[PDB]
Amino acid sequence: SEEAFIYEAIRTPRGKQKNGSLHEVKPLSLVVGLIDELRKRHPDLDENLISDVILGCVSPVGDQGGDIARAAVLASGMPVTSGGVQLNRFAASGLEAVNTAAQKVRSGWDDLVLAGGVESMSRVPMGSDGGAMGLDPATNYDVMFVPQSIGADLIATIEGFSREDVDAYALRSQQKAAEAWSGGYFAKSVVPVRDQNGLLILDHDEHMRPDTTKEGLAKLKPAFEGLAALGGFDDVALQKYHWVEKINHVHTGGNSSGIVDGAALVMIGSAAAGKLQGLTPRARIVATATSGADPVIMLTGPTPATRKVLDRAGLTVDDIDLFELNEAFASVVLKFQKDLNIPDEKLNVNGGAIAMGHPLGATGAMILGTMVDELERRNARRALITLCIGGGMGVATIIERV
Amino acid sequence: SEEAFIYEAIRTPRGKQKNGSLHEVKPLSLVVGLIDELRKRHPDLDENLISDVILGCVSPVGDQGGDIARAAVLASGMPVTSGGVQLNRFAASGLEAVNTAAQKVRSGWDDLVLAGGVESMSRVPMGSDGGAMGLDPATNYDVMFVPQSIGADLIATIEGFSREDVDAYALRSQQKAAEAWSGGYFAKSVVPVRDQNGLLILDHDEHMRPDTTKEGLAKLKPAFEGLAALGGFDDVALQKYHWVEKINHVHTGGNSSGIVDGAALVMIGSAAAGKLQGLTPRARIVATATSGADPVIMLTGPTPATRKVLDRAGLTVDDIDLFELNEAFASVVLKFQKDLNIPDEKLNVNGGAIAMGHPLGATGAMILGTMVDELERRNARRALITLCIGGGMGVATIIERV
Amino acid sequence: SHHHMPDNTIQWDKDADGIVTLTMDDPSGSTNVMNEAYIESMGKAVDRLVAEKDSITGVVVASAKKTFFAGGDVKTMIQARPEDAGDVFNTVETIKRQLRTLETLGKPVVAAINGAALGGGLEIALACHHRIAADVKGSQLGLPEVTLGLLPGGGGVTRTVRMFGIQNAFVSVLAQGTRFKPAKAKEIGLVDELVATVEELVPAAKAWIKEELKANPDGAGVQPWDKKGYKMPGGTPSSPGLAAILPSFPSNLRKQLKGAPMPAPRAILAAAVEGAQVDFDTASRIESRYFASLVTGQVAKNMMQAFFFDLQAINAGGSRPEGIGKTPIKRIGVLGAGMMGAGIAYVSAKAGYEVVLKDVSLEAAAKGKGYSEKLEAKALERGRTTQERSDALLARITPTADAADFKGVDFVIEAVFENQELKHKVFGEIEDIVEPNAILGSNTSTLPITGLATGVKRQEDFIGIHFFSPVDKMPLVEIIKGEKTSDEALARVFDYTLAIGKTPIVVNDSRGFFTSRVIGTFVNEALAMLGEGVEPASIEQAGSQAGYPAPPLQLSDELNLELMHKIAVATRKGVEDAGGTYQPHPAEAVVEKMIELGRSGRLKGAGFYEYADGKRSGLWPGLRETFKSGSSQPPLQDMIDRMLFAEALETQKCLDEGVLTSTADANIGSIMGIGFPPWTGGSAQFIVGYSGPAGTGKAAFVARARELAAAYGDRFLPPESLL
């Protein structure tokens, strides 16, 4: 068997896109800072037992090119035998790294692995790496490429989520993120970013707007309306979804995920590896699953992935205490909740990317560590972590508190 | 347990860099062409059982950006639930994809996975993605960045491999690659590249020079001598290796791996998944390992990785019938052979990248499938596949014929 | 190699200065066409340029026909099967190898464009380094291969992208096969210089070569993309500016084509962008592989069959009576100044015919002439016409409110209300007033000509001349043969349609003729689906994705729904009067319900759509509850096929009954008259060219039709003539 356990899960604060505190910080420095923090917590751990470092990254170019995971292994003084591999599965990259690390542990061929992600969107913007699905006409034309934001407006149109509905969820996210920070829910897992002198750079999620009002969200302009009309992507989406006459553009900057910088790190190993290193297991990876749904609407992957990981674990929705789904767009969360009838009290209980930001490659590992803390804080049992993925993909993971 | 088996392993021919047959072919088309070939071989297989598609790619930019594995899933008409993730571990990417796929099978959370790689170096050259280890001065200065070619010259200097020695291995590689093609060793695994009309584009490894002479290799100029003197990388390498006075630059274009385009695909699944789909297992993944060695010399990773995977499998060098190590540079193979005392008759028996080319992200999966065929052709038992990796990393895999 | 025993089509001439003049003059035809004779003649000519390069200083490509060079060989391209893809690929590679050699001789090559340079013709001139065009009227220049289901495979895609960049070359030149006047071409950059007469072309070409050699000797004969510092206009796909808007090029194309299965524009855009990522020669080969992909496909064969062979068989007189001669038209009398009559008076006067536009009142007759005024003014501001052409032709239109003013007219075209009792008296009050052998045409959509003819004395000159609104934009004229209609009357009207620059079809008298009857089956299927419970959004999408220019429910709002009601009443009076029981179409129930709700289309303010001050809005929100839309969700292809197959089957019945006499008139009449999708090649070509999950051809059409009949009604059963 060789069960996989999470021994540590940490992240940086998320720095905003415009005049952000982390814009001066190299993406490599964000990862090394977290490695240094893991050394503070276990200074006598034999790092030669760490066999790999797996980092998700959606734009692996420039500062994030050249296998940034191996750069982090070397720049941090980690053992030269500790590996280092970059991967990209769009928004689920950070969670795919955790899933891959847990599966390498179960195989018996790896004993102790670092997993996580990094994305500095203020320095390396989304789409910097190119891609055939968007830029190659034959591929673009055949798969009916529609940017995510329009797929998110399509979900609200199909399901009947109004502008007030998605803005209501956005307000709730700002509130729960503010309550989580005020209550000290994040104090032990958000590692402040400091410079090479020890001086503070950022210690909090500066994208949050805790004073958001329902009225203030109502004044915001639909962000994806100038992109849909001038690009003709609306007409492309409705050729596939021919029973929908008009797309209601409900999503703005206030009910979508924020563009932020950040990194996350998770330490995964077997029970023998943790006992040998004096580590205490915080949770156990129950099961993982990859699935997907229609790539035109792009953002309906979480529901098949969640149902698949639940069937694999022999569990139902009622067996899960906390559901954490990335807040790429408000209608994606409302859709996922309506699909599986999730009690609102279980869903993104400490807030999400709408308030705190969505650093693509790191987000999956951030919200996973968020769930390890909250399961322990509430003394609850099981959590399910999932993310919507560009191209219609889906990834879901069930963890159990230990 | 859930052992992982290889059911298929195929690749394209490798197209050369200058006036190459594959320069007009999108990297995406190379992968889709192999997917189409796998459908020809098992047209009644339920593709919904394929849960992921894992592709290594060292320069995931431009045509190779945006998670080319997901583009291949969609462009080929594969089920929308079939995943798609890109990864980069430098030259071992194609083998890391196979290792990851086999470990996902052993975890029990994936039943049938596609693994492989793609690299179109004539269209997306090496280093197109950037990277901190080379382009960031603080990181470059601290880790003592030395390009691979100079590390390869350093290995020959330290071990005493002369210009004639490395050129002798290069000749042997050209001969064995020519004998393998002439004897039909590759006929059933090299899938010719064709256009959208069925017209042939390339059916053979056009980088090969079967008429290479020992005298013709002796006339070639050291490729990495203008890079070492003008960049000062020699002095950087010798500060670390202070007991070596002078670096002998023995490596040229004739004893190094060729710059080529190509892709490879491997199908991996559990015994239950293959039996359920009417598939016959060709080999079994015995064990995998990640390790590494000094990142200044960069290319001594195969020896720790090979020793680790051998200890994990409970085997010795004498238990392996075929050793396949990528021919990035001739001195790396001679070093690996001298380290572990490999009988010359077991080492890269069908030729290697010096003759046929080294398409970074795909090479690991190419030489793995090369070993599945040769184990079956010789009716041998076990093969060990390893690659040297930039940054001093190492990856090794043991397969057993079934 | 520059070669693949035919005649030679290129004449060689070297003057004392070392300039060679290649004069293209194919002896087997009236124009220069890219046939086997051309490929061999240009091969020899290019070989001789390379062999004699030590005594050659420049080249001038000229022509001996009225036109420079006109496209490729359609008779060969239409026969290319998928197993001939290698021969297609090799052929266009050979053609481009010759042009590429001509382009890199190290010497200036000038194209002397005397007449039209279309498709392969312009591609030859694009391979030169300087293009001079004679500013002659009628000289067209462009790459219209997309209109035949092809792409410019002789370097047109590769070279225009190199000259203009991906965006400008696709939008302006390639995607629509736009034809350009010489002044237009000089403005966009297809041509560099203009000359007044064709006699100045070659001397200007030789003068330009001598000046280019003196002024720019280092770069003489070097295209801009063959220099080291070449920058593609608008950037390459990897530059950040173009890569930001590049993902919107296929989506906008998908929006323009409305999802219709036309593969040529997709291939052009793919070849244009993939070519801009690689060197010129590699780009050219990519362009060849996409060209072979189109030629061996069915859609290109459909469009070649319709827009080349069928249209030429019509313009040659295939439906014209093969024995009659010529009869001039000195004056034309138009009855009715409405949307139809005013437009008919325009196109007739536009060709220079004197018109007496008669309406009841002079104020309405002047408003009929005012329709020409708004067109004469809108055409003047656009600079299309100006110098007295509009004013003199507008003077030819003579409004009149008196029937006596229609004196001396030998060609009557009545475009008044479709009421037989009205038309009987209107013609009776006019036949004694106009010339004895005057043609008596009647613009009608339903009423049979044989019945209308019984109101005149000389029925041999009575005939149906059905125009399509707007008359100035629609190209089809449906000529309906009455039982008493003489063959001379048909020839006189056939010649008139070619005189006003329109395409004619000949139809024998029958209920609904050809266009109105076949388009009826199209809207009846859509109205049936709405009653069945199919979402109206899906019905409109099925119509647009089928390739129709207007979705059916929108089309049913333009065609007054009250007008559709009394057409069914006229048909029910044909069977119930003959004793047989009428089998009503279930679409009639949907019409009556929308009539009952007071939504009879756009004319009465609201129909299937909502309307606000002449601007169509979205679908009526009450439509879904009224017909319980959503209770039936058939596959989208079934919706598309029900509309396409209904018109296809109805076309075959018209061919069986003798309504139409040829599949050419069926294909062109369906495309130009009722908006049948061009990618099909016509309602008759759709049968022989159908391609679906059953196969390709008549046999696959029959099985799919029998499959549609088993799930939607026996009306989809194919006739015996297809079995």
# chains A, B, ... in the order shown; residues from 1 in each chain; ligands from 1
call {"tool": "residues_around", "arguments": {"residues": "residue 248 in chain A", "least_positions_apart": "2", "cutoff": "10 Å", "atoms": "only C-alpha atoms", "output": "PyMOL selection string"}}
result
chain A and resi 150+152-158+160-163+222+225+245-246+250-251
call {"tool": "write_last_selection", "arguments": {"atoms": "N, CA and C atoms", "output": "mmCIF file, in the first residue's frame"}}
result
data_model
loop_
_atom_site.group_PDB
_atom_site.id
_atom_site.type_symbol
_atom_site.label_atom_id
_atom_site.label_comp_id
_atom_site.auth_asym_id
_atom_site.auth_seq_id
_atom_site.Cartn_x
_atom_site.Cartn_y
_atom_site.Cartn_z
ATOM 1 N N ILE A 150 -15.587 33.784 -20.815
ATOM 2 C CA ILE A 150 -16.837 33.659 -21.554
ATOM 3 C C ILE A 150 -17.515 32.333 -21.233
ATOM 4 N N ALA A 152 -17.348 31.112 -18.331
ATOM 5 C CA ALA A 152 -17.919 31.381 -17.016
ATOM 6 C C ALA A 152 -19.232 32.146 -17.129
ATOM 7 N N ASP A 153 -19.309 33.103 -18.058
ATOM 8 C CA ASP A 153 -20.577 33.775 -18.319
ATOM 9 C C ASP A 153 -21.607 32.809 -18.887
ATOM 10 N N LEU A 154 -21.161 31.842 -19.692
ATOM 11 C CA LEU A 154 -22.077 30.857 -20.258
ATOM 12 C C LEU A 154 -22.665 29.963 -19.174
ATOM 13 N N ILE A 155 -21.860 29.607 -18.169
ATOM 14 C CA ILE A 155 -22.349 28.776 -17.072
ATOM 15 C C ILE A 155 -23.446 29.500 -16.304
ATOM 16 N N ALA A 156 -23.250 30.794 -16.038
ATOM 17 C CA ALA A 156 -24.279 31.569 -15.354
ATOM 18 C C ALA A 156 -25.528 31.705 -16.214
ATOM 19 N N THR A 157 -25.353 31.837 -17.530
ATOM 20 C CA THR A 157 -26.497 31.921 -18.432
ATOM 21 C C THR A 157 -27.295 30.624 -18.424
ATOM 22 N N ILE A 158 -26.601 29.488 -18.517
ATOM 23 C CA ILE A 158 -27.281 28.198 -18.575
ATOM 24 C C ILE A 158 -27.965 27.886 -17.250
ATOM 25 N N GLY A 160 -28.787 29.998 -14.808
ATOM 26 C CA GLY A 160 -29.655 31.030 -14.275
ATOM 27 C C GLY A 160 -29.067 31.820 -13.130
ATOM 28 N N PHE A 161 -27.745 31.954 -13.078
ATOM 29 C CA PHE A 161 -27.085 32.761 -12.059
ATOM 30 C C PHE A 161 -27.025 34.205 -12.538
ATOM 31 N N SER A 162 -27.687 35.096 -11.807
ATOM 32 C CA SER A 162 -27.766 36.496 -12.181
ATOM 33 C C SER A 162 -26.501 37.242 -11.762
ATOM 34 N N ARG A 163 -26.403 38.492 -12.218
ATOM 35 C CA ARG A 163 -25.310 39.356 -11.788
ATOM 36 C C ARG A 163 -25.293 39.505 -10.271
ATOM 37 N N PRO A 222 -18.781 44.608 -16.661
ATOM 38 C CA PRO A 222 -18.430 43.250 -17.100
ATOM 39 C C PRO A 222 -17.092 43.263 -17.820
ATOM 40 N N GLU A 225 -16.891 41.539 -21.628
ATOM 41 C CA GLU A 225 -17.824 41.940 -22.675
ATOM 42 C C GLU A 225 -17.114 42.554 -23.876
ATOM 43 N N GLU A 245 -29.646 31.349 -26.535
ATOM 44 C CA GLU A 245 -29.735 32.424 -27.517
ATOM 45 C C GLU A 245 -28.706 33.516 -27.252
ATOM 46 N N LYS A 246 -28.606 33.965 -26.005
ATOM 47 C CA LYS A 246 -27.766 35.091 -25.633
ATOM 48 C C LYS A 246 -26.941 34.722 -24.410
ATOM 49 N N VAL A 250 -21.996 38.264 -16.726
ATOM 50 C CA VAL A 250 -22.136 38.647 -15.324
ATOM 51 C C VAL A 250 -20.804 38.816 -14.609
ATOM 52 N N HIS A 251 -19.704 38.339 -15.183
ATOM 53 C CA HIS A 251 -18.440 38.293 -14.464
ATOM 54 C C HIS A 251 -17.642 39.570 -14.685
#
call {"tool": "interface_residues", "arguments": {"of": "chain C", "to": "chain B", "cutoff": "12 Å", "atoms": "only C-alpha atoms", "output": "number ranges by chain"}}
result
C: 81-90, 236-240, 243, 267, 270-271, 273-297
call {"tool": "closest_residue", "arguments": {"among": "A:360, A:247, A:101, A:166", "to": "residue 333 in chain A", "atoms": "only C-alpha atoms"}}
result
A:166
call {"tool": "interface_residues", "arguments": {"of": "chain A", "to": "chain B", "cutoff": "8 Å", "atoms": "only C-alpha atoms", "output": "PyMOL selection string"}}
result
chain A and resi 1+28+51-52+58+60-68+70-71+74-75+80-90+100+103-104+106-107+109-110+127+129-133+136+139+142-143+287-295+312+391-394
call {"tool": "atom_distance", "arguments": {"atom1": "CA of residue 396 in chain C", "atom2": "CA of residue 356 in chain C"}}
result
8.3 Å
call {"tool": "residues_around", "arguments": {"residues": "range 441-454 of chain C", "least_positions_apart": "2", "cutoff": "8 Å", "atoms": "only C-alpha atoms", "output": "PyMOL selection string"}}
result
chain C and resi 411-416+418+420+423-424+439+456-457+459+462-467+480-484+509-513+516+567
call {"tool": "select_by_dssp", "arguments": {"residues": "range 149-338 of chain A", "states": "strand (DSSP E)", "output": "ChimeraX atom specification"}}
result
/A:193-194,200-202,260-269,283-292,322-325
call {"tool": "write_last_selection", "arguments": {"atoms": "C-alpha atoms", "output": "PDB file, in the first residue's frame"}}
result
ATOM      1  CA  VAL A 193       8.223  37.140   2.323  1.00  0.00           C
ATOM      2  CA  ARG A 194      11.462  38.840   3.372  1.00  0.00           C
ATOM      3  CA  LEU A 200       9.703  42.393   5.609  1.00  0.00           C
ATOM      4  CA  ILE A 201       8.319  42.603   2.072  1.00  0.00           C
ATOM      5  CA  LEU A 202       4.793  41.195   2.458  1.00  0.00           C
ATOM      6  CA  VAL A 260      -1.491  37.756  -7.877  1.00  0.00           C
ATOM      7  CA  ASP A 261       2.011  36.462  -7.150  1.00  0.00           C
ATOM      8  CA  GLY A 262       2.668  33.597  -4.753  1.00  0.00           C
ATOM      9  CA  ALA A 263       4.137  30.161  -4.089  1.00  0.00           C
ATOM     10  CA  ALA A 264       3.200  27.124  -2.017  1.00  0.00           C
ATOM     11  CA  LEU A 265       5.049  24.065  -0.717  1.00  0.00           C
ATOM     12  CA  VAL A 266       3.780  20.737   0.631  1.00  0.00           C
ATOM     13  CA  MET A 267       5.871  17.917   2.114  1.00  0.00           C
ATOM     14  CA  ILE A 268       4.585  14.401   1.421  1.00  0.00           C
ATOM     15  CA  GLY A 269       6.027  11.073   2.509  1.00  0.00           C
ATOM     16  CA  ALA A 283      -3.363  14.409   7.105  1.00  0.00           C
ATOM     17  CA  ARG A 284      -3.545  11.425   4.763  1.00  0.00           C
ATOM     18  CA  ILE A 285      -4.161  11.556   1.010  1.00  0.00           C
ATOM     19  CA  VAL A 286      -7.212   9.322   0.605  1.00  0.00           C
ATOM     20  CA  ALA A 287      -7.571   9.339  -3.186  1.00  0.00           C
ATOM     21  CA  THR A 288      -6.970  11.410  -6.309  1.00  0.00           C
ATOM     22  CA  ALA A 289      -8.759  11.583  -9.640  1.00  0.00           C
ATOM     23  CA  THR A 290      -8.416  13.178 -13.065  1.00  0.00           C
ATOM     24  CA  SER A 291     -11.470  13.675 -15.276  1.00  0.00           C
ATOM     25  CA  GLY A 292     -12.979  16.400 -17.430  1.00  0.00           C
ATOM     26  CA  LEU A 322     -15.110  20.638   3.858  1.00  0.00           C
ATOM     27  CA  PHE A 323     -15.244  21.299   0.112  1.00  0.00           C
ATOM     28  CA  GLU A 324     -12.596  23.639  -1.318  1.00  0.00           C
ATOM     29  CA  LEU A 325     -13.010  24.646  -4.974  1.00  0.00           C
TER      30      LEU A 325
END
call {"tool": "closest_residue", "arguments": {"among": "C:365, C:262, C:257, C:479", "to": "residue 235 in chain A", "atoms": "only C-alpha atoms"}}
result
C:257
call {"tool": "residues_around", "arguments": {"residues": "residue 94 in chain A", "least_positions_apart": "3", "cutoff": "7 Å", "atoms": "only C-alpha atoms", "output": "ChimeraX atom specification"}}
result
/A:55-56,97-98,116-117,361-365
call {"tool": "atom_distance", "arguments": {"atom1": "CA of residue 32 in chain B", "atom2": "CA of residue 359 in chain B"}}
result
16.8 Å
call {"tool": "select_by_dssp", "arguments": {"residues": "range 223-373 of chain B", "states": "alpha helix (DSSP H)", "output": "PyMOL selection string"}}
result
chain B and resi 225-231+233-240+271-276+302-312+330-340+353-356+360-373
call {"tool": "atom_distance", "arguments": {"atom1": "CA of residue 58 in chain C", "atom2": "CA of residue 115 in chain C"}}
result
22.3 Å
call {"tool": "residues_around", "arguments": {"residues": "residue 220 in chain A", "least_positions_apart": "3", "cutoff": "8 Å", "atoms": "only C-alpha atoms", "output": "list in words"}}
result
residues 216, 217, 252, 253 and 254 of chain A
call {"tool": "write_last_selection", "arguments": {"atoms": "N, CA, C and O atoms", "output": "CSV table (one decimal), in the first residue's frame"}}
result
chain,number,residue,atom,x,y,z
A,216,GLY,N,-21.1,48.2,-4.1
A,216,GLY,CA,-19.8,48.5,-4.8
A,216,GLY,C,-19.5,47.5,-5.9
A,216,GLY,O,-18.9,47.9,-7.0
A,217,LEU,N,-19.9,46.2,-5.7
A,217,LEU,CA,-19.8,45.2,-6.8
A,217,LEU,C,-20.7,45.5,-7.9
A,217,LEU,O,-20.4,45.1,-9.1
A,252,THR,N,-17.1,40.1,-13.6
A,252,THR,CA,-16.3,41.3,-13.6
A,252,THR,C,-15.0,41.0,-12.8
A,252,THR,O,-14.7,39.9,-12.5
A,253,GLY,N,-14.2,42.1,-12.6
A,253,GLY,CA,-13.0,41.9,-11.8
A,253,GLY,C,-13.3,41.7,-10.3
A,253,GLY,O,-12.4,41.2,-9.6
A,254,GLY,N,-14.5,42.0,-9.9
A,254,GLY,CA,-14.9,41.8,-8.5
A,254,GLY,C,-15.5,40.5,-8.1
A,254,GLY,O,-15.6,40.2,-6.9
call {"tool": "residues_around", "arguments": {"residues": "residue 316 in chain A", "least_positions_apart": "6", "cutoff": "10 Å", "atoms": "only C-alpha atoms", "output": "VMD selection string"}}
result
chain A and resid 306 to 307 309 to 310
call {"tool": "write_last_selection", "arguments": {"atoms": "N, CA, C and O atoms", "output": "tab-separated table (two decimals), in the first residue's frame"}}
result
chain	number	residue	atom	x	y	z
A	306	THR	N	-14.74	15.38	-9.03
A	306	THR	CA	-15.16	15.17	-7.65
A	306	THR	C	-15.93	13.87	-7.50
A	306	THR	O	-15.72	13.11	-6.54
A	307	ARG	N	-16.85	13.59	-8.43
A	307	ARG	CA	-17.60	12.34	-8.37
A	307	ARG	C	-16.69	11.13	-8.55
A	307	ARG	O	-16.94	10.07	-7.97
A	309	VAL	N	-13.34	10.90	-7.71
A	309	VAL	CA	-12.53	10.68	-6.52
A	309	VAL	C	-13.39	10.19	-5.36
A	309	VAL	O	-12.91	9.48	-4.48
A	310	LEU	N	-14.68	10.56	-5.34
A	310	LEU	CA	-15.57	10.08	-4.29
A	310	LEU	C	-15.90	8.61	-4.48
A	310	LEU	O	-15.94	7.84	-3.51
call {"tool": "closest_residue", "arguments": {"among": "C:64, C:316, C:150, C:505", "to": "residue 303 in chain C", "atoms": "only C-alpha atoms"}}
result
C:150
call {"tool": "residues_around", "arguments": {"residues": "residue 113 in chain C", "least_positions_apart": "6", "cutoff": "9 Å", "atoms": "only C-alpha atoms", "output": "ChimeraX atom specification"}}
result
/C:61-63,67-69,122,125,131-134,139,198,201
call {"tool": "write_last_selection", "arguments": {"atoms": "N, CA, C and O atoms", "output": "short mmCIF file (atom, residue, chain, number, x, y, z; two decimals), in the first residue's frame"}}
result
data_model
loop_
_atom_site.label_atom_id
_atom_site.label_comp_id
_atom_site.auth_asym_id
_atom_site.auth_seq_id
_atom_site.Cartn_x
_atom_site.Cartn_y
_atom_site.Cartn_z
N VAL C 61 7.33 39.86 -67.96
CA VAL C 61 6.27 38.89 -68.20
C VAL C 61 5.06 39.63 -68.77
O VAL C 61 4.50 40.51 -68.11
N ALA C 62 4.67 39.28 -69.99
CA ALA C 62 3.58 39.94 -70.69
C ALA C 62 2.56 38.90 -71.14
O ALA C 62 2.69 37.70 -70.86
N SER C 63 1.52 39.37 -71.83
CA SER C 63 0.46 38.50 -72.32
C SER C 63 0.02 38.98 -73.69
O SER C 63 0.22 40.14 -74.07
N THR C 67 -6.85 39.42 -71.58
CA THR C 67 -6.56 39.30 -70.16
C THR C 67 -5.14 38.79 -69.96
O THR C 67 -4.61 38.05 -70.80
N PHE C 68 -4.53 39.20 -68.85
CA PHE C 68 -3.18 38.76 -68.50
C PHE C 68 -3.14 37.25 -68.35
O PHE C 68 -2.55 36.55 -69.18
N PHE C 69 -3.77 36.73 -67.29
CA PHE C 69 -3.77 35.31 -67.00
C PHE C 69 -4.93 35.03 -66.06
O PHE C 69 -5.14 35.78 -65.11
N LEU C 122 -2.61 36.19 -61.05
CA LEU C 122 -2.00 37.12 -60.11
C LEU C 122 -0.81 36.50 -59.40
O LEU C 122 0.17 37.19 -59.10
N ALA C 125 2.22 37.12 -61.31
CA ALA C 125 2.66 38.50 -61.14
C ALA C 125 3.20 38.75 -59.74
O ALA C 125 4.10 39.59 -59.57
N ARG C 131 5.09 45.14 -60.40
CA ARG C 131 3.86 44.92 -61.15
C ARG C 131 3.36 46.25 -61.69
O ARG C 131 3.16 47.20 -60.92
N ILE C 132 3.15 46.32 -63.00
CA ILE C 132 2.55 47.47 -63.66
C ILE C 132 1.26 47.00 -64.31
O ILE C 132 1.26 46.00 -65.04
N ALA C 133 0.17 47.71 -64.05
CA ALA C 133 -1.14 47.35 -64.56
C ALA C 133 -1.68 48.49 -65.42
O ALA C 133 -1.53 49.66 -65.08
N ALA C 134 -2.31 48.12 -66.53
CA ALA C 134 -3.00 49.10 -67.36
C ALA C 134 -4.32 49.49 -66.70
O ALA C 134 -5.12 48.62 -66.35
N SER C 139 -10.49 45.48 -65.91
CA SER C 139 -9.30 44.74 -65.51
C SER C 139 -9.43 44.37 -64.03
O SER C 139 -9.33 45.23 -63.16
N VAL C 198 -2.59 49.79 -72.54
CA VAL C 198 -1.80 48.57 -72.52
C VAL C 198 -0.54 48.70 -73.36
O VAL C 198 0.43 47.98 -73.12
N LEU C 201 2.71 49.37 -71.35
CA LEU C 201 3.13 48.44 -70.31
C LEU C 201 4.58 48.00 -70.49
O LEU C 201 5.44 48.28 -69.65
#
